[PDB]
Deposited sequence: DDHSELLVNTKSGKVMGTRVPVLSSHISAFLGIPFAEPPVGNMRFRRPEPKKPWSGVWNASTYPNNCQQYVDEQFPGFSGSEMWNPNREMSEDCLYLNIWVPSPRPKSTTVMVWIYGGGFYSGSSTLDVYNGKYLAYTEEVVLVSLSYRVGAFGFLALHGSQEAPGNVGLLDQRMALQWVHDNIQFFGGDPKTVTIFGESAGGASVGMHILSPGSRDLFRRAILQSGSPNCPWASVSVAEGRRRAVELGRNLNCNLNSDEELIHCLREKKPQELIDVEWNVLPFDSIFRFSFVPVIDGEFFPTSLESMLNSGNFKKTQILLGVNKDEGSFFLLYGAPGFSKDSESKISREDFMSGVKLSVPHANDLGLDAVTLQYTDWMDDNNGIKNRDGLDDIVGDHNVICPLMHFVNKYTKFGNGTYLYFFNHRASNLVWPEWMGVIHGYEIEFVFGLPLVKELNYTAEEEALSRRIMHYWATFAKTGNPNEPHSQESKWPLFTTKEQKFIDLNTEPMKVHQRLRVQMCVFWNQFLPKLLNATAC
């Protein structure tokens, strides 16, 4: 039967799902690891023991234990990222959307969800693979991984909690796709991994980690990169935050063993409640438990690796959105409100700047401020608000990605860079937020195709267009079959991704990025 598939792990029974006046097969909730529950918490993922009988894969699996956003209860604009399924420590599953009739050996795309490494669900509505799978005829897989302390508590030196296990979780799913995507009609030799933000940074972390490279062909990174200031910490800091988390729970901190045992006895929610009390600074765009530069998963510093070419050379298609910072200022910078134009004042701008560059000293803050302030109209609340948006996105997303892109393109075999700057006609967030972090996804996953969603004809068109780029690129290592120029260390060309006639530009945010990538770091270091 088209809905029954036999894998090296056991028989899997999917379900026929309708799509744009048609149907396809979906296998949801396929286990790819042993439940990381019990004494396994914090530990590396064990391979999922094979099962006898048919595994029921017709319904979404539980979501991983994560901090739930309640900043705007009932607000679609925010609840849309919230777990839409019971949360559980038993969440290591994957979902596959396979065209009908079942392919033989077609392109495979593996989606890695974001969420700051502390949240995320593959089961999210915006992650419904059925539209991409059907329209582009690809076998779409969406994995899951442990987020928060559950997947990133890093007590280096210890085997009970080495950290990075959330990354290992992504890899084991990648390992499972390599081993079983064939029986689903997918070509395990043409698998593209892609993710947004935390997923995009994850994707790039797989490009760098020696133990992950062989498990995929090419990669797509959306608003995220491995070298993002928030995507990783040192083992020292990771150890620092792990102990501090134990402190928050009145744990025996006399030994890693003592510490881990305590944390393992705590209910999941117990850890999620104090999870935020461990950051070292008052900051925006920073999360407690993220990947650690352990020396294992990451042989050396990410910078040295990018420099020495120590990483998987292949084709990469990546980009950023126009207003990456907006989402983060709305949640933690004073002066920003969801229901107001959020015009910012000097005092609030200075407060934002401070929250945005936590590691910066005074001279550094002065540097940032001077760089984004129009001293001929410094009291402009819209300029102050916008400049603060740019500061957060440039420093946390746009510039770190421009570094990686320029570092990679030197040894890579093909780079394609886009700048998504289109605002959904039906966005529910305030307009001052603009093209919000994570709002290109719906187009990538072709949501603008479902009439019930109220998108404009142009948006459906842009979605289709973007969706073809992703797939076509996944399939051929090139987005093209109007030509989206290749990015070269020389010309640095990139294109705009919106409902308007393609346009090509060069040096995406050089000025601001030369400051973020070269000057500031040199300054902060000198001082």
{"query": "Unmodelled ranges, which are counted on the deposited sequence from position 1 and given in order", "finding": "1 to 3, 485 to 489, 536 to 537"}
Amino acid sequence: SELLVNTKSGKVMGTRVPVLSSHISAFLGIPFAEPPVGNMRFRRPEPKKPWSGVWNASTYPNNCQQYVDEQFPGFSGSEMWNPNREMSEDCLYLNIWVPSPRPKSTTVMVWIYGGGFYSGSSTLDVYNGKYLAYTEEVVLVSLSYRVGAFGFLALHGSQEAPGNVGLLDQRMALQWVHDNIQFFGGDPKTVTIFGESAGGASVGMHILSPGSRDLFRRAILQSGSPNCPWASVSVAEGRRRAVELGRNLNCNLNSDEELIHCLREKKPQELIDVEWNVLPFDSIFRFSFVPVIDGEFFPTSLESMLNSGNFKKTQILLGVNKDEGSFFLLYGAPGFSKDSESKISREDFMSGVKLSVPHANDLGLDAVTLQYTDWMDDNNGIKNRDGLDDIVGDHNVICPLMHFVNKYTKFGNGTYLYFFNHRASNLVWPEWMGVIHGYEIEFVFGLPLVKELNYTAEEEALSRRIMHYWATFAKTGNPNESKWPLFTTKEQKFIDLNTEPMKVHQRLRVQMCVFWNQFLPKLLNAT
From here on, numbers count along this sequence of modelled residues.
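Think of the rigid core as the biggest set of C-alphas that the two forms share within 1.5 Å after superposition.
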property: Stretch with larger C-alpha RMS deviation in 9 other deposited structures of this protein, core superposed, 139 to 147 versus 280 to 288; result: 280 to 288
property: 223 to 231 set against 347 to 355, stretch whose average Cα temperature factor tops the other in the entry; result: 347 to 355
property: Average Cα temperature factor in the PDB entry - higher stretch of 259 to 267, 299 to 307; result: 259 to 267
property: Given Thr369, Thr314, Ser142, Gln71, the residue at which the Cα B factor reaches its maximum; result: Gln71
property: Among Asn250, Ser121, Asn277, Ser197 - the residue whose C-alpha B-factor is largest in the record; result: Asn250
property: Chain-relative CA temperature factor third for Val514; result: lowest
property: CA B-factor ranking of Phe494, expressed as a third of its chain; result: lowest
property: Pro448 by Cα B-factor - lowest, middle or highest third of the modelled chain; result: lowest
property: Position of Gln65 among the chain's modelled residues by C-alpha B-factor, lowest, middle or highest third; result: lowest
property: Within-chain third of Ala33 by Cα B-factor, per the entry; result: lowest
